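Colleague: Experimental coordinates for this protein are included below, preceded by the sequence.
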Amino acid sequence: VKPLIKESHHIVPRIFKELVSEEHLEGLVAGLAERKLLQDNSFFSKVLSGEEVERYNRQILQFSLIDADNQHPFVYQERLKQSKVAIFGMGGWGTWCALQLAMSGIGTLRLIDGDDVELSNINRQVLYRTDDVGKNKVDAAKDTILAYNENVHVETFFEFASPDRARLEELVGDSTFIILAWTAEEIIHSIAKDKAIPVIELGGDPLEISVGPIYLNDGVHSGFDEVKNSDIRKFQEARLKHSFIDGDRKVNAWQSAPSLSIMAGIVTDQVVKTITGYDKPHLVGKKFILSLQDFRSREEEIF
Amino acid sequence: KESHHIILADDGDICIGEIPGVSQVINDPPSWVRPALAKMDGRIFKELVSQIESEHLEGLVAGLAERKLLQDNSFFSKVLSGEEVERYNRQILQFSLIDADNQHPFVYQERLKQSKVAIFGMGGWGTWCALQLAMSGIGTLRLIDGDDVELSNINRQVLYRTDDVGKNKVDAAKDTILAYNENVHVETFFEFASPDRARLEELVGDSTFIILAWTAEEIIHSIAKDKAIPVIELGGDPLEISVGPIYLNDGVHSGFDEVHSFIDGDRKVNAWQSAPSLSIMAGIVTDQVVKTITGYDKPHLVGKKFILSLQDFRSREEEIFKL
Ligand code: NI
């Protein structure tokens, strides 16, 4: 037993005693450290590398700070490397999630997108650089993802999500987590329910963002189905339904980087808490809504 | 006005703009407007309807004029290039949507290219702010830092990639920023901020905005008050984040003034961090800095500090001074 006062905090066990005089009282400080302030470095991981433990170090101290699940700090990092996350959009919120997940040591990224990089994507889509223009988005994403973290394995699917139940189970494949917005959404949710895969939603704009509920899909939780069934409101409703009278005028969606990174950050944090259990995740059954104008927020229960 | 959608409510009412936003709302429009507006990108139009009346068509066009909803094809930017207007397009749409300072959309972006932001420290909070600012078309970035990239910086400091290990942070930073946005000028100072005002006024230089963390800090603040330079504070951890207040330093708001050893032993005590907390913090900052510089929309954080738990998502404001 070797007292590692958790490298987060500023200020043999038999070794410190003998080195000190050079017993219950030191025994007293060591033990009372069981108030979750002490490490037992005596454990090394049989999965993670020398490089990885170094690279993942500063967040590993963070898992160990809360240690909700009572594990050695690498076990948490282990639960990320064992994870497989599928992302069904690869511009907007999609590249920021991919980015921050790869940086965090997520095991696998399954990326799905049928688009290609345009110069107008560069202001907000963080995985694509000026020289990536003209590439297919998923190819650029993987290229970029591995330059950041070479231990992340990336599976890329150059296609859109069609409402084909046979194709989606292939696209979902053996995922451990799913990230998506807002029938194809519904077919996936269903796939997710069948394979017991946690699913997190999200969506919004520069004025206000939300990071939708988590569905654990372990059983013992409500699941997607249960949720399935001048007014500032009516034009809200009409817009999400895409009914626009634009005609031959070409109108584009107004988006910029700040709003995406905020929800992408809320999303990645919540996903990391779920996978690892280093701390409890708020967003199970809740929707967090935050104005980016006046910073008022609110919660929504789904179950 | 290519920022605005023309929305069709179920009952048939129309709203020109996605998020009024002070978008015009036409209630119970004549049958003729849905085909009218639908053809207004390009006298001319009355032709196409060949049920509607000629004078009734001009008033409609008349109206859309004083409502500031109609496009100005005659305006070209002498500041922005062909490439920038492309790359900045969608955020340009976002400015055109709220349009608080009543300007042509290009003008707002111009106000960004003309800006110079100095960032003190390229740690976690530091790297994300530089990035999103560069992406957003900030004119010039002044990076101040004496460190070099470590393998442990790679999990949270986003401007640094694996091949960047061992390099100077400000130089690795500049290489990365320029891969993302070649239009941003980057001035780099491989040094830490000493509490010498003689150097600090040199490091600040002709900055137009300052970002720093929650001492040198107080001199930078004094330099800022003296030169009328906005300063935004920030800070927190993986558990709760805070951003602001912003100090306008215009003389019509209260100023910054108005408001040991460790028994460490042989263990190395480190900063506990992961990326998610930083992105939220830089995005709140960047949005607030962009709104302040350009004025396309009003910034909340002037004189206020916003605090958000990342555990249970309770937030709270703290006033630091009144406008
Ligand atoms: Ni395309």
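Modeller: Okay, I see it. Numbers count the residues shown, from 1 in each chain, chains lettered A, B, ... in the order given.
Colleague: Could you pull out the buried residues of stretch A:84-91?
Modeller: A:84, A:85, A:86, A:87, A:88, A:89, A:90, A:91 (16 or more other CB atoms under 10 Å in any protein chain shown). Where you see a C-beta, it was placed from the backbone N, CA and C, and this is true even at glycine.
Colleague: Look up how far residue A:169 lies from the fourth one.
Modeller: Separation of residue A:87 from residue A:169 (CB to CB, to the nearest Å): 17 Å.
Colleague: Check the first one too.
Modeller: Going from residue A:84 to residue A:169 by CB to CB gives 14 Å.
Colleague: Same check on the third one?
Modeller: If you measure residue A:86 against residue A:169 using CB to CB, the figure is 12 Å.
Colleague: what does residue A:113 give?
Modeller: Distance from residue A:113 to residue A:169, by CB to CB: 18 Å.
Colleague: Who has more neighbours out of these two?
Modeller: residue A:113 (23 against 15; other CB atoms under 10 Å in any protein chain shown).
Colleague: Can you report how many residues lie near residue A:82?
Modeller: Neighbourhood size, residue A:82 [other CB under 10 Å]: 13.
Colleague: Then residue A:293?
Modeller: Counted with other CB under 10 Å, residue A:293 comes out at 16.
Colleague: Equivalent analysis for residue A:78, please.
Modeller: With other CB under 10 Å as criterion, residue A:78 counts 19.
Colleague: can you tell me which residues contact it?
Modeller: Neighbouring residues of residue A:78 by CB atoms under 8 Å, 6 or more residues apart in numbering or on different chains: A:45, A:47, A:48.
Colleague: most neighbours, which of the residues you listed?
Modeller: residue A:48 (20 neighbours).
Colleague: Check the contact between residue A:81 and residue A:107; I expect there is one.
Modeller: Yes - the pair residue A:81 / residue A:107 is scored as a contact, 4.4 Å apart, by CB atoms under 8 Å.
Colleague: still on that earlier bit, from the contacts of residue A:78, pick the one nearest chain B.
Modeller: Nearest to chain B, judged by CB to the nearest CB, of the contacts of residue A:78 is residue A:48 at 13.1 Å.
Colleague: if I look at that closest one, how far off is residue B:161?
Modeller: For residue A:48, the distance to residue B:161 - CB to CB - is 20 Å.
Colleague: Contacts only, for the residue most central in space within chain A.
Modeller: With distances taken as CA atoms, centre = their mean, the residue of chain A nearest its centroid is residue A:268 (2.5 Å). Counting by CB under 8 Å, 6+ apart, residue A:268 touches A:97, A:100, A:101, A:104, B:275, B:276, B:279.
Colleague: now the contacts of residue A:78 as TSV including secondary structure?
Modeller: Putting the contacts of residue A:78 into TSV (DSSP: H, G, I helix; E, B strand; the rest coil) gives the following:
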residue	secondary structure
A:45	coil
A:47	coil
A:48	coil
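Colleague: Now those residues in JSON lines, please, with extra columns for distance to chain B.
Modeller: As requested, those are arranged in JSON lines below (distance: CB to the nearest CB, whole Å):
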{"residue": "A:45", "distance to chain B": "16"}
{"residue": "A:47", "distance to chain B": "17"}
{"residue": "A:48", "distance to chain B": "13"}
